[PDB]
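Only one chain comes next, encoded as structure tokens, the form deposited in one PDB entry.
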């Protein structure tokens, strides 16, 4: 029930600061990166389930789901992948992301396009192109549901989740969109971006659209 506060490694903190402030033109690539991450998580539970099919019982369906929350200025990206335990969420520290982070910053200084972020293994942080904070809600078969929260500063929190929908298994990124990036709440725009950048994905990409029933 306590909010545990933790500190990012310096390299991650520095990368988030670069990304949240960059004026890069092609911000829509964040969605490709997050879909790719969702797919990779799905691959991992599929791999487990091939050995042990009972691993799917927590959430039998394998999906990626995009849920615009217009009234909240939030975009949710949900998967039924393997998920993250509390210890996984706390351990972006002491992880391959440290290496990816530093190398990627050096590449940026050399002129690399921001769209190369996923080649360094740190495409998760591309969400700060369009969002000023994020909650990562996650449920792994081995642990309870937790929420990790970051505003691109030096600290993050991890809290036992007593306030969100039950995921069953997997991860949901809740992106609090920047005021100039609200185009990513619109059905038409999300479809365009998915079609352009995420043609080859093994799992259904479900878009949740809210429409008024009219006469």
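Think of the rigid core as the biggest set of C-alphas that the two forms share within 1.5 Å after superposition. Residue numbers count along the first chain shown, from 1.
Keep in mind that the form deposited in another entry is missing from the display, and what follows is about it.
Shown in the overlay between the shown form and the other one, fitted on the rigid core, is a CA shift at residue 108 of 2 Å or greater. Once both forms are overlaid on the rigid core, the distance between the two CA positions of residue 145 between the shown form and the other one is under 2 angstroms.
When two forms of a protein are overlaid on their rigid core, residues whose CA moves 2 Å or more are considered shifted, and residue 72 is not one of them between the shown form and the other one. Shown here is a form in which the CA atoms of residue 21 and residue 27 lie at least 3 Å farther apart than they do in the other form.
In the other form, the Cα positions of residue 37 and residue 92 lie at least 3 Å nearer to each other than in the form displayed.
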